[PDB]
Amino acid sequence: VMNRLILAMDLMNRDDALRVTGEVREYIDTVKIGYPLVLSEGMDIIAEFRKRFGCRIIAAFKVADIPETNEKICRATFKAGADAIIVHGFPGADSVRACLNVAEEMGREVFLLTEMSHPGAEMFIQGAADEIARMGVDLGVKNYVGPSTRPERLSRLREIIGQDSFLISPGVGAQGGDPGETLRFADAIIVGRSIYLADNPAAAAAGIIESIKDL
C-alpha cells in the first residue's frame, strides 16, 4: 500500500468525499469505503472512485450475517467494483468461508477483522480474538485487521498470523492510536478523521507519512 497509509473515507457527501480523496491521492493508493458513504450515495460510488482516482478500494462493511446472506453481500460488493471486503470473524467459520468462496469465484480478497479498536471491543471480542485469528489461519485467510489502539494485542495477532500475512490497522489518530507504534506490527495503517476532518487533509496526510518514512 502506498506509504503504508489507507484513507478511511467516511464522509457522507459525494462532493466532500471526492474533494478530500482527490486532495490526498498523491499520498495513498488505497481507500477504505464503508456504509456511511455507500448508504448515503449508493454503491456506484465505488466504481466512480476506482476510475477517478485509480486506487484500490476496500469495502469496510465488516459483514456479520449468516453464510447465505454474507455471500449475497460479497457478490454485490465485488460486482460494484471493490477489490476487497472486510469480514467479521466473530460470527464463526461458516460465515467467513462464505465470503472466501465468493472472493475466490470473483478473483478478489477478504480481510478478516479479529479484534476491534473501540473500547467496547473489550467486552466480548477481545476474549475471542486470538481464537478468531487462529480460525482465520486455519481457513487460509491471508489479510487481517487488528487494533491500533492496543499494540500489545496487535503484536499478539501478528504472532498468530505470521509475517507472511498482510495486516492493516484502524484506530490511528482520532481513536488514540499512533502511526509509528502501530506500524511495528501492521503492514499499513487506516486513518479516517485525522485526515478527512482536518482543515488541510493533504497536510494531515503528508505529516503522517513524514512520521512514517522515518521508521
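Numbering starts at 1 and follows the sequence shown.
Per the PDB record, of the two stretches 46-54 and 183-191, 46-54 carries the greater mean B-factor over its C-alpha atoms.
Mean C-alpha B-factor is higher over 126-134 than over the other stretch, the pair under comparison being 126-134 and 111-119.
Highest CA B-factor among the listed residues (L139, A80, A103, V145): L139. The residue among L11, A198, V20, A206 whose C-alpha carries the highest B-factor in the deposited model is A206. Sort the chain's modelled residues by C-alpha temperature factor and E41 lands in the middle third, per the entry. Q175: CA B factor lies in the middle third for its chain, per the PDB record. When the CA B factors of the chain's modelled residues are split into thirds, the value for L5 lands in the middle one. Sort the chain's modelled residues by C-alpha temperature factor and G34 lands in the lowest third, per the entry. Sort the chain's modelled residues by C-alpha temperature factor and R156 lands in the highest third, per the entry.
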